[PDB]
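Undergrad: What follows is start_37.pdb, made up of PDB, C-alpha atoms and all ligand atoms:
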```
ATOM      1  CA  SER A   1       0.000   0.000   0.000  1.00  0.00           C
ATOM      2  CA  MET A   2       1.041   3.690   0.034  1.00  0.00           C
ATOM      3  CA  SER A   3       4.688   3.969   1.176  1.00  0.00           C
ATOM      4  CA  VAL A   4       4.634   0.291   2.323  1.00  0.00           C
ATOM      5  CA  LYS A   5       7.003  -1.470  -0.070  1.00  0.00           C
ATOM      6  CA  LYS A   6       6.880  -5.248  -0.387  1.00  0.00           C
ATOM      7  CA  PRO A   7      10.512  -6.466  -0.814  1.00  0.00           C
ATOM      8  CA  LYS A   8      11.895  -6.184  -4.376  1.00  0.00           C
ATOM      9  CA  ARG A   9      12.332  -9.490  -6.287  1.00  0.00           C
ATOM     10  CA  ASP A  10      15.410  -8.771  -8.498  1.00  0.00           C
ATOM     11  CA  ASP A  11      14.095  -8.627 -12.098  1.00  0.00           C
ATOM     12  CA  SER A  12      17.261  -7.132 -13.646  1.00  0.00           C
ATOM     13  CA  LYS A  13      18.214 -10.463 -15.351  1.00  0.00           C
ATOM     14  CA  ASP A  14      14.698 -11.374 -16.523  1.00  0.00           C
ATOM     15  CA  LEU A  15      15.195 -10.052 -20.040  1.00  0.00           C
ATOM     16  CA  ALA A  16      18.413 -12.007 -20.561  1.00  0.00           C
ATOM     17  CA  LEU A  17      16.941 -15.156 -18.940  1.00  0.00           C
ATOM     18  CA  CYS A  18      13.782 -15.055 -21.057  1.00  0.00           C
ATOM     19  CA  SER A  19      15.920 -14.531 -24.110  1.00  0.00           C
ATOM     20  CA  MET A  20      18.018 -17.602 -23.180  1.00  0.00           C
ATOM     21  CA  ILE A  21      14.853 -19.675 -22.641  1.00  0.00           C
ATOM     22  CA  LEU A  22      13.442 -18.521 -25.991  1.00  0.00           C
ATOM     23  CA  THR A  23      16.709 -19.424 -27.756  1.00  0.00           C
ATOM     24  CA  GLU A  24      16.458 -22.909 -26.282  1.00  0.00           C
ATOM     25  CA  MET A  25      12.842 -23.141 -27.513  1.00  0.00           C
ATOM     26  CA  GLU A  26      13.799 -21.849 -30.939  1.00  0.00           C
ATOM     27  CA  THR A  27      16.605 -24.453 -31.269  1.00  0.00           C
ATOM     28  CA  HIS A  28      14.573 -27.444 -29.977  1.00  0.00           C
ATOM     29  CA  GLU A  29      14.097 -30.016 -32.770  1.00  0.00           C
ATOM     30  CA  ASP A  30      10.296 -29.911 -32.188  1.00  0.00           C
ATOM     31  CA  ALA A  31      10.109 -26.123 -32.552  1.00  0.00           C
ATOM     32  CA  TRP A  32       9.455 -26.311 -36.327  1.00  0.00           C
ATOM     33  CA  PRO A  33       5.683 -25.825 -36.138  1.00  0.00           C
ATOM     34  CA  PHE A  34       6.112 -22.717 -33.959  1.00  0.00           C
ATOM     35  CA  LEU A  35       8.955 -20.774 -35.556  1.00  0.00           C
ATOM     36  CA  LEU A  36       6.814 -18.571 -37.812  1.00  0.00           C
ATOM     37  CA  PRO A  37       3.226 -17.300 -37.810  1.00  0.00           C
ATOM     38  CA  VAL A  38       0.634 -19.834 -38.995  1.00  0.00           C
ATOM     39  CA  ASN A  39      -0.195 -18.858 -42.543  1.00  0.00           C
ATOM     40  CA  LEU A  40      -3.712 -17.510 -42.127  1.00  0.00           C
ATOM     41  CA  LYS A  41      -4.381 -17.514 -45.895  1.00  0.00           C
ATOM     42  CA  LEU A  42      -3.385 -21.152 -46.467  1.00  0.00           C
ATOM     43  CA  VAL A  43      -4.584 -22.930 -43.312  1.00  0.00           C
ATOM     44  CA  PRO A  44      -8.360 -23.383 -43.239  1.00  0.00           C
ATOM     45  CA  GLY A  45     -10.184 -22.413 -40.052  1.00  0.00           C
ATOM     46  CA  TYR A  46      -7.179 -20.959 -38.264  1.00  0.00           C
ATOM     47  CA  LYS A  47      -8.045 -17.252 -38.639  1.00  0.00           C
ATOM     48  CA  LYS A  48     -11.620 -17.750 -37.476  1.00  0.00           C
ATOM     49  CA  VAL A  49     -10.908 -20.229 -34.734  1.00  0.00           C
ATOM     50  CA  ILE A  50      -7.640 -18.946 -33.278  1.00  0.00           C
ATOM     51  CA  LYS A  51      -8.435 -15.507 -31.972  1.00  0.00           C
ATOM     52  CA  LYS A  52      -4.877 -14.634 -30.836  1.00  0.00           C
ATOM     53  CA  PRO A  53      -2.249 -16.299 -33.021  1.00  0.00           C
ATOM     54  CA  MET A  54       1.247 -16.467 -31.596  1.00  0.00           C
ATOM     55  CA  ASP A  55       4.625 -17.990 -32.515  1.00  0.00           C
ATOM     56  CA  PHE A  56       8.302 -17.904 -31.559  1.00  0.00           C
ATOM     57  CA  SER A  57       9.427 -15.326 -34.120  1.00  0.00           C
ATOM     58  CA  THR A  58       6.726 -12.925 -32.929  1.00  0.00           C
ATOM     59  CA  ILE A  59       7.715 -13.486 -29.302  1.00  0.00           C
ATOM     60  CA  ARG A  60      11.364 -12.887 -30.190  1.00  0.00           C
ATOM     61  CA  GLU A  61      10.411  -9.635 -31.958  1.00  0.00           C
ATOM     62  CA  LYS A  62       8.401  -8.472 -28.957  1.00  0.00           C
ATOM     63  CA  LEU A  63      11.149  -9.474 -26.519  1.00  0.00           C
ATOM     64  CA  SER A  64      13.756  -7.593 -28.557  1.00  0.00           C
ATOM     65  CA  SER A  65      11.585  -4.436 -28.870  1.00  0.00           C
ATOM     66  CA  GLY A  66      10.448  -3.921 -25.268  1.00  0.00           C
ATOM     67  CA  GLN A  67       6.911  -5.159 -25.755  1.00  0.00           C
ATOM     68  CA  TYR A  68       6.847  -7.415 -22.646  1.00  0.00           C
ATOM     69  CA  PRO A  69       6.352  -5.320 -19.521  1.00  0.00           C
ATOM     70  CA  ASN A  70       7.409  -8.209 -17.327  1.00  0.00           C
ATOM     71  CA  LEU A  71       8.271 -11.881 -17.272  1.00  0.00           C
ATOM     72  CA  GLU A  72       4.648 -13.002 -16.823  1.00  0.00           C
ATOM     73  CA  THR A  73       3.529 -11.327 -20.068  1.00  0.00           C
ATOM     74  CA  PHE A  74       6.301 -13.231 -21.830  1.00  0.00           C
ATOM     75  CA  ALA A  75       5.197 -16.598 -20.323  1.00  0.00           C
ATOM     76  CA  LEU A  76       1.559 -15.854 -21.328  1.00  0.00           C
ATOM     77  CA  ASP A  77       2.654 -15.481 -24.999  1.00  0.00           C
ATOM     78  CA  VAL A  78       4.709 -18.700 -24.854  1.00  0.00           C
ATOM     79  CA  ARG A  79       1.712 -20.577 -23.338  1.00  0.00           C
ATOM     80  CA  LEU A  80      -0.570 -19.066 -25.991  1.00  0.00           C
ATOM     81  CA  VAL A  81       1.571 -20.736 -28.669  1.00  0.00           C
ATOM     82  CA  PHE A  82       0.851 -24.120 -27.090  1.00  0.00           C
ATOM     83  CA  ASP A  83      -2.728 -23.360 -26.126  1.00  0.00           C
ATOM     84  CA  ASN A  84      -3.435 -22.446 -29.754  1.00  0.00           C
ATOM     85  CA  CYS A  85      -1.707 -25.636 -30.892  1.00  0.00           C
ATOM     86  CA  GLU A  86      -3.958 -27.780 -28.640  1.00  0.00           C
ATOM     87  CA  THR A  87      -7.108 -26.008 -29.815  1.00  0.00           C
ATOM     88  CA  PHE A  88      -6.317 -26.664 -33.460  1.00  0.00           C
ATOM     89  CA  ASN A  89      -4.301 -29.888 -33.648  1.00  0.00           C
ATOM     90  CA  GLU A  90      -5.072 -33.401 -32.519  1.00  0.00           C
ATOM     91  CA  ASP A  91      -2.937 -34.552 -29.599  1.00  0.00           C
ATOM     92  CA  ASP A  92      -1.341 -37.397 -31.567  1.00  0.00           C
ATOM     93  CA  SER A  93      -0.769 -35.385 -34.750  1.00  0.00           C
ATOM     94  CA  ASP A  94       2.886 -34.435 -35.291  1.00  0.00           C
ATOM     95  CA  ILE A  95       2.216 -30.775 -34.543  1.00  0.00           C
ATOM     96  CA  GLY A  96      -0.006 -31.581 -31.552  1.00  0.00           C
ATOM     97  CA  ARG A  97       2.731 -33.792 -30.075  1.00  0.00           C
ATOM     98  CA  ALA A  98       5.304 -31.145 -30.833  1.00  0.00           C
ATOM     99  CA  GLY A  99       3.223 -28.685 -28.834  1.00  0.00           C
ATOM    100  CA  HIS A 100       2.844 -30.902 -25.781  1.00  0.00           C
ATOM    101  CA  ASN A 101       6.645 -31.571 -25.891  1.00  0.00           C
ATOM    102  CA  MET A 102       7.519 -27.865 -26.179  1.00  0.00           C
ATOM    103  CA  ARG A 103       5.146 -26.868 -23.404  1.00  0.00           C
ATOM    104  CA  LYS A 104       6.725 -29.373 -21.060  1.00  0.00           C
ATOM    105  CA  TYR A 105      10.155 -28.270 -22.196  1.00  0.00           C
ATOM    106  CA  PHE A 106       9.218 -24.603 -21.645  1.00  0.00           C
ATOM    107  CA  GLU A 107       7.668 -25.055 -18.235  1.00  0.00           C
ATOM    108  CA  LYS A 108      10.663 -26.936 -16.746  1.00  0.00           C
ATOM    109  CA  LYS A 109      12.942 -24.110 -17.972  1.00  0.00           C
ATOM    110  CA  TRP A 110      10.499 -21.576 -16.479  1.00  0.00           C
ATOM    111  CA  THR A 111      10.380 -23.275 -13.073  1.00  0.00           C
ATOM    112  CA  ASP A 112      14.131 -23.900 -12.952  1.00  0.00           C
ATOM    113  CA  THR A 113      15.043 -20.314 -13.959  1.00  0.00           C
ATOM    114  CA  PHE A 114      12.481 -18.326 -11.959  1.00  0.00           C
ATOM    115  CA  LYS A 115      10.824 -20.628  -9.325  1.00  0.00           C
TER     116      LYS A 115
HETATM  117  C1  LIG B   1       1.549 -24.006 -34.953  1.00  0.00           C
HETATM  118  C2  LIG B   1       0.511 -24.669 -35.863  1.00  0.00           C
HETATM  119  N1  LIG B   1      -0.684 -25.183 -35.529  1.00  0.00           N
HETATM  120  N2  LIG B   1      -1.219 -25.613 -36.581  1.00  0.00           N
HETATM  121  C3  LIG B   1      -0.429 -25.422 -37.654  1.00  0.00           C
HETATM  122  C4  LIG B   1      -0.633 -25.786 -39.014  1.00  0.00           C
HETATM  123  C5  LIG B   1      -0.086 -25.266 -40.124  1.00  0.00           C
HETATM  124  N3  LIG B   1      -0.545 -25.934 -41.199  1.00  0.00           N
HETATM  125  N4  LIG B   1      -1.299 -26.852 -40.824  1.00  0.00           N
HETATM  126  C6  LIG B   1      -1.995 -27.824 -41.761  1.00  0.00           C
HETATM  127  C7  LIG B   1      -1.415 -26.841 -39.495  1.00  0.00           C
HETATM  128  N5  LIG B   1      -2.160 -27.681 -38.779  1.00  0.00           N
HETATM  129  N6  LIG B   1       0.670 -24.817 -37.163  1.00  0.00           N
HETATM  130  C8  LIG B   1       1.856 -24.355 -37.926  1.00  0.00           C
HETATM  131  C9  LIG B   1       2.720 -25.425 -38.604  1.00  0.00           C
HETATM  132  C10 LIG B   1       3.571 -24.758 -39.692  1.00  0.00           C
HETATM  133  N7  LIG B   1       4.478 -25.667 -40.401  1.00  0.00           N
HETATM  134  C11 LIG B   1       4.096 -26.656 -41.208  1.00  0.00           C
HETATM  135  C12 LIG B   1       5.221 -27.222 -41.651  1.00  0.00           C
HETATM  136  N8  LIG B   1       6.270 -26.579 -41.131  1.00  0.00           N
HETATM  137  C13 LIG B   1       5.812 -25.606 -40.335  1.00  0.00           C
END
```
The structure in this file should be written as structure tokens.
TA:
Amino acid sequence: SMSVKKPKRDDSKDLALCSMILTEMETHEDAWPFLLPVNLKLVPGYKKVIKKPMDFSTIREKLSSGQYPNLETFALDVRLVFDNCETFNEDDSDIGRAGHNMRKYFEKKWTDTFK
């Protein structure tokens, strides 16, 4: 509350640590479905169904251009990638499996780095 400061969790390395996590996501062998935006012209249903598309390249652009106010907004975008994937792809499809793998991969990194 006013003039009553809760102790300051050190966020000075968050940008660098998120960047390192994203690099590891980007270079994972199962990242291939998530590297670029889904092509909304060529993939039926996606534009109408997936209200907030997201992908690694877009996250990287946002991270590099100061568009994440904090680490939680970054993690929400990463999760959105995988939440979209689950909405659209069957769990045992290649892309659906890729998504489940990447989410697990992401969340261990997230917990280890920040929790
Ligand atoms: C991510 C994601 N979720 N669904 C798709 C997709 C794209 N095309 N099709 C038929 C899908 N189900 N994606 C992007 C996968 C983009 N891709 C395809 C081959 N290499 C990358």
Undergrad: If we count all atoms listed in the file and set the cut-off at 9 Å, which residues sit around stretch 10-26 of chain A, ignoring sequence neighbours fewer than 5 positions away in its own chain? Please answer as a ChimeraX atom specification.
TA: /A:31-32,34-35,56-57,59-60,63-64,70-71,74-75,78,102,105-106,109-110,113-114
Undergrad: Residues picked by the PyMOL selection byres (((chain A and resi 49) around 12) and not hetatm) here, as a PDB file with C-alpha atoms, keeping the file's coordinate frame?
TA:
```pdb
ATOM      1  CA  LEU A  40      -3.712 -17.510 -42.127  1.00  0.00           C
ATOM      2  CA  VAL A  43      -4.584 -22.930 -43.312  1.00  0.00           C
ATOM      3  CA  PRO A  44      -8.360 -23.383 -43.239  1.00  0.00           C
ATOM      4  CA  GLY A  45     -10.184 -22.413 -40.052  1.00  0.00           C
ATOM      5  CA  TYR A  46      -7.179 -20.959 -38.264  1.00  0.00           C
ATOM      6  CA  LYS A  47      -8.045 -17.252 -38.639  1.00  0.00           C
ATOM      7  CA  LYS A  48     -11.620 -17.750 -37.476  1.00  0.00           C
ATOM      8  CA  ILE A  50      -7.640 -18.946 -33.278  1.00  0.00           C
ATOM      9  CA  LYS A  51      -8.435 -15.507 -31.972  1.00  0.00           C
ATOM     10  CA  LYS A  52      -4.877 -14.634 -30.836  1.00  0.00           C
ATOM     11  CA  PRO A  53      -2.249 -16.299 -33.021  1.00  0.00           C
ATOM     12  CA  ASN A  84      -3.435 -22.446 -29.754  1.00  0.00           C
ATOM     13  CA  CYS A  85      -1.707 -25.636 -30.892  1.00  0.00           C
ATOM     14  CA  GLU A  86      -3.958 -27.780 -28.640  1.00  0.00           C
ATOM     15  CA  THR A  87      -7.108 -26.008 -29.815  1.00  0.00           C
ATOM     16  CA  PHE A  88      -6.317 -26.664 -33.460  1.00  0.00           C
ATOM     17  CA  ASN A  89      -4.301 -29.888 -33.648  1.00  0.00           C
TER      18      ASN A  89
END
```
Undergrad: Write out as a list in words each polymer residue whose atoms come within 10 Å of residue A:94, counting all atoms listed in the file; drop sequence neighbours fewer than 4 positions from it.
TA: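 Here the answer would be residues 30, 33, 89, 90, 98 and 99 of chain A.
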Undergrad: I need the residues from that last selection saved to file as a PDB file, in the coordinates of the input (with C-alpha atoms), if you can.
TA:
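Wrote it out as again.pdb, contents follow:
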```pdb
ATOM      1  CA  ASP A  30      10.296 -29.911 -32.188  1.00  0.00           C
ATOM      2  CA  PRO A  33       5.683 -25.825 -36.138  1.00  0.00           C
ATOM      3  CA  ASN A  89      -4.301 -29.888 -33.648  1.00  0.00           C
ATOM      4  CA  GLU A  90      -5.072 -33.401 -32.519  1.00  0.00           C
ATOM      5  CA  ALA A  98       5.304 -31.145 -30.833  1.00  0.00           C
ATOM      6  CA  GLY A  99       3.223 -28.685 -28.834  1.00  0.00           C
TER       7      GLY A  99
END
```
Undergrad: Record the distance separating atom CA of residue A:91 and atom CA of residue A:62, expressed in Å with one decimal.
TA: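 These two atoms are separated by 28.4 Å.
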Undergrad: Select, from A:82, A:61, A:36, A:2, the residue with the minimum atom-to-atom distance to residue A:100, counting only C-alpha atoms.
TA: A:82
Undergrad: For the structure provided, state which residues fall under the PyMOL selection byres (((chain A and resi 54) around 7) and not hetatm), and present them as a ChimeraX atom specification.
TA: /A:37,52-53,55,58,77,80-81
Undergrad: In terms of the shortest atom-to-atom distance over only C-alpha atoms and all ligand atoms, which of A:76, A:66, A:104, A:83 is closest to ligand LIG 1 (chain B)?
TA: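 Comparing A:76, A:66, A:104, A:83 against ligand LIG 1 (chain B), the winner is A:83.
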Undergrad: Quote the spacing between atom CA of residue A:42 and atom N3 of ligand LIG 1 (chain B) in Å to one decimal place.
TA: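 Atom-to-atom, atom CA of residue A:42 and atom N3 of ligand LIG 1 (chain B) are spaced 7.7 Å apart.
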Undergrad: Please return the centre and edge lengths, in Å to one decimal, of a box with edges along x, y and z that contains all listed atoms of ligand LIG 1 (chain B), widened by 5 Å on every side, as JSON.
TA:
```
{"center_x": 2.1, "center_y": -25.9, "center_z": -38.4, "size_x": 18.4, "size_y": 13.8, "size_z": 16.8}
```
Undergrad: May I ask for the distance between atom CA of residue A:79 and atom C1 of ligand LIG 1 (chain B), given in Å to one decimal place?
TA: 12.1 Å
Undergrad: Pick out the closest residue to ligand LIG 1 (chain B) from this set: A:107, A:112, A:29, A:72. Count only C-alpha atoms and all ligand atoms.
TA: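 Closest to ligand LIG 1 (chain B) of all the choices is A:29.
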Undergrad: In terms of the shortest atom-to-atom distance over only C-alpha atoms and all ligand atoms, which of A:95, A:4, A:101, A:73 is closest to ligand LIG 1 (chain B)?
TA: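 Comparing A:95, A:4, A:101, A:73 against ligand LIG 1 (chain B), the winner is A:95.
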Undergrad: With distances taken over only C-alpha atoms and all ligand atoms, which of A:38, A:97, A:111, A:67 is nearest to ligand LIG 1 (chain B)?
TA: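 Looking only at the distances to ligand LIG 1 (chain B), the closest residue turns out to be A:38.
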Undergrad: From the set A:93, A:5, A:115, A:103, which residue has the shortest atom-to-atom contact distance to ligand LIG 1 (chain B), counting all atoms listed in the file?
TA: A:93
Undergrad: Kindly add N, CA, C and O atoms to the incomplete stretch 66-84 of chain A and provide the output as a CSV table (one decimal), in the coordinates of the input.
TA:
```csv
chain,number,residue,atom,x,y,z
A,66,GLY,N,11.0,-4.4,-26.5
A,66,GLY,CA,10.4,-3.9,-25.3
A,66,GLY,C,8.9,-4.0,-25.1
A,66,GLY,O,8.3,-3.2,-24.5
A,67,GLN,N,8.4,-5.0,-25.8
A,67,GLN,CA,6.9,-5.2,-25.8
A,67,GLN,C,6.4,-6.1,-24.7
A,67,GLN,O,5.2,-6.2,-24.5
A,68,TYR,N,7.3,-6.7,-23.9
A,68,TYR,CA,6.8,-7.4,-22.6
A,68,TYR,C,7.1,-6.6,-21.4
A,68,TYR,O,8.3,-6.3,-21.1
A,69,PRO,N,6.1,-6.1,-20.7
A,69,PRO,CA,6.4,-5.3,-19.5
A,69,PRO,C,7.0,-6.1,-18.4
A,69,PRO,O,7.7,-5.5,-17.6
A,70,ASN,N,6.8,-7.4,-18.4
A,70,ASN,CA,7.4,-8.2,-17.3
A,70,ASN,C,7.5,-9.7,-17.8
A,70,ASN,O,7.0,-10.0,-18.8
A,71,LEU,N,8.1,-10.5,-16.9
A,71,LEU,CA,8.3,-11.9,-17.3
A,71,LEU,C,6.9,-12.6,-17.5
A,71,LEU,O,6.9,-13.5,-18.3
A,72,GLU,N,5.9,-12.3,-16.7
A,72,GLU,CA,4.6,-13.0,-16.8
A,72,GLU,C,4.0,-12.8,-18.2
A,72,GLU,O,3.4,-13.7,-18.7
A,73,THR,N,4.1,-11.6,-18.8
A,73,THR,CA,3.5,-11.3,-20.1
A,73,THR,C,4.2,-12.2,-21.1
A,73,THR,O,3.7,-12.6,-22.1
A,74,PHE,N,5.5,-12.4,-20.9
A,74,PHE,CA,6.3,-13.2,-21.8
A,74,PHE,C,5.8,-14.7,-21.8
A,74,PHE,O,5.4,-15.3,-22.8
A,75,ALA,N,5.7,-15.2,-20.6
A,75,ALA,CA,5.2,-16.6,-20.3
A,75,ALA,C,3.8,-16.8,-20.9
A,75,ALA,O,3.5,-17.9,-21.4
A,76,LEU,N,2.9,-15.8,-20.8
A,76,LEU,CA,1.6,-15.9,-21.3
A,76,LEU,C,1.6,-16.0,-22.9
A,76,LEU,O,0.9,-16.8,-23.4
A,77,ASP,N,2.5,-15.3,-23.6
A,77,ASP,CA,2.7,-15.5,-25.0
A,77,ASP,C,3.2,-16.9,-25.4
A,77,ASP,O,2.7,-17.4,-26.3
A,78,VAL,N,4.2,-17.4,-24.6
A,78,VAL,CA,4.7,-18.7,-24.9
A,78,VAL,C,3.6,-19.7,-24.7
A,78,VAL,O,3.4,-20.6,-25.5
A,79,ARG,N,2.8,-19.6,-23.6
A,79,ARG,CA,1.7,-20.6,-23.3
A,79,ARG,C,0.6,-20.5,-24.4
A,79,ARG,O,0.1,-21.5,-24.7
A,80,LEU,N,0.4,-19.3,-24.9
A,80,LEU,CA,-0.6,-19.1,-26.0
A,80,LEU,C,-0.2,-19.9,-27.2
A,80,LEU,O,-1.1,-20.4,-27.9
A,81,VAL,N,1.1,-19.9,-27.6
A,81,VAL,CA,1.6,-20.7,-28.7
A,81,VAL,C,1.0,-22.2,-28.5
A,81,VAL,O,0.4,-22.7,-29.4
A,82,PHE,N,1.2,-22.7,-27.3
A,82,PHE,CA,0.9,-24.1,-27.1
A,82,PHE,C,-0.6,-24.3,-26.9
A,82,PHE,O,-1.2,-25.4,-27.3
A,83,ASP,N,-1.3,-23.4,-26.2
A,83,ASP,CA,-2.7,-23.4,-26.1
A,83,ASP,C,-3.4,-23.3,-27.5
A,83,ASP,O,-4.4,-24.1,-27.8
A,84,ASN,N,-2.9,-22.4,-28.4
A,84,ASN,CA,-3.4,-22.4,-29.8
A,84,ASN,C,-3.2,-23.8,-30.4
A,84,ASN,O,-4.1,-24.3,-31.2
```
